[PDB]
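We begin with a single chain expressed as structure tokens, specifically the form deposited in one PDB entry.
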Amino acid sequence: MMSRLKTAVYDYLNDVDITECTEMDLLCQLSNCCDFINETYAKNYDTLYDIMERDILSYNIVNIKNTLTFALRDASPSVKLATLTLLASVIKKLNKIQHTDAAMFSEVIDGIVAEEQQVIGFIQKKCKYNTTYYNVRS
């Protein structure tokens, strides 16, 4: 049995058809949040795919897992979500080699998903605020 936020994160990472998704309203707002981060952090993630390329193409799951866990030490909600969307991309790339579930990164996700009120709060308040601040400035 999974908490609300964890359920949504899985459905996001697993790219579930939003129809068999049990937490629609959050999944919905979660990926809108990630989408903006993906736009905004694009140069940063370009660096990250560069250093991770070997671990990804070599399918070194272990290696990827303690990278992300390291990056999560004492993470703020901003960071929790930045890391999440980073993991979304990796899972999409790993999916090219072998089928890879969100379940394989349960430990990392537990990290992303701690302080769930704080995190849900970000998805629903600040993330919205940021996205708008940004788009009103072109």
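Shifts are known only where both forms have a C-alpha. The numbering used is simple: start at 1 and walk along the sequence shown. Think of the rigid core as the biggest set of C-alphas that the two forms share within 1.5 Å after superposition.
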*For the stretches 62 to 70 and 96 to 104, which has the higher mean C-alpha B-factor as given in the deposited record?*
96 to 104
*Stretch with the greater mean C-alpha B-factor as recorded in the entry, comparing 126 to 134 against 8 to 16*: 8 to 16
*State the tercile, meaning the lowest, middle or highest third, of residue 113 with respect to the CA B-factors recorded for its chain.*
lowest
*Relative to the other modelled residues of the same chain, rank the CA B-factor of residue 76 and answer lowest, middle or highest third.*
middle
_Going by the CA temperature factor in the PDB record, which third of the chain does residue 88 belong to: lowest, middle or highest?_
middle
*Which third of the chain does residue 21 land in by C-alpha B-factor: lowest, middle or highest?*
highest
*Taking the chain's C-alpha temperature factors as the reference, tell me which third residue 30 falls into: lowest, middle or highest.*
middle
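Omitted from view is the form solved in complex with a partner chain, to which the following refers.
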*Heavy atom within 4.5 Å of its partner chain in the deposited bound form: which of 88, 109, 27, 82 fits that? Just give me the one.*
82
*residue 67, heavy atom within 4.5 angstroms of its partner chain in the deposited bound form*: yes
*Going by a heavy atom distance of 4.5 Å, is residue 41 a contact of its partner chain in the deposited bound form?*
yes
_Is residue 10 part of the interface with its partner chain in the deposited bound form - any heavy atom within 4.5 Å?_
no
*asked:* With the partner left out here, check for me: in the deposited bound form, does some heavy atom of residue 59 sit within 4.5 Å of its partner chain?
replied: no
*Determine, after fitting the two forms on their core, whether residue 114 shows a C-alpha shift of 2 Å or more between this form and the one not shown.*
no
*Can we say the CA of residue 11 moves by at least 2 Å between this form and the one not shown when the core is superposed?*
no
*Indicate closer or farther: the Cα atoms of residue 92 and residue 23, in the deposited bound form, relative to the displayed form, with a change of 3 Å or more.*
farther
*Sense of the change in Cα distance from residue 13 to residue 23 in the deposited bound form - at least 3 Å versus the shown form*: farther
*With the rigid core superposed, can you list, in sequence order, the 3+ residue stretches whose C-alpha atoms all shift 2 Å or more between this form and the one not shown?*
17 to 24
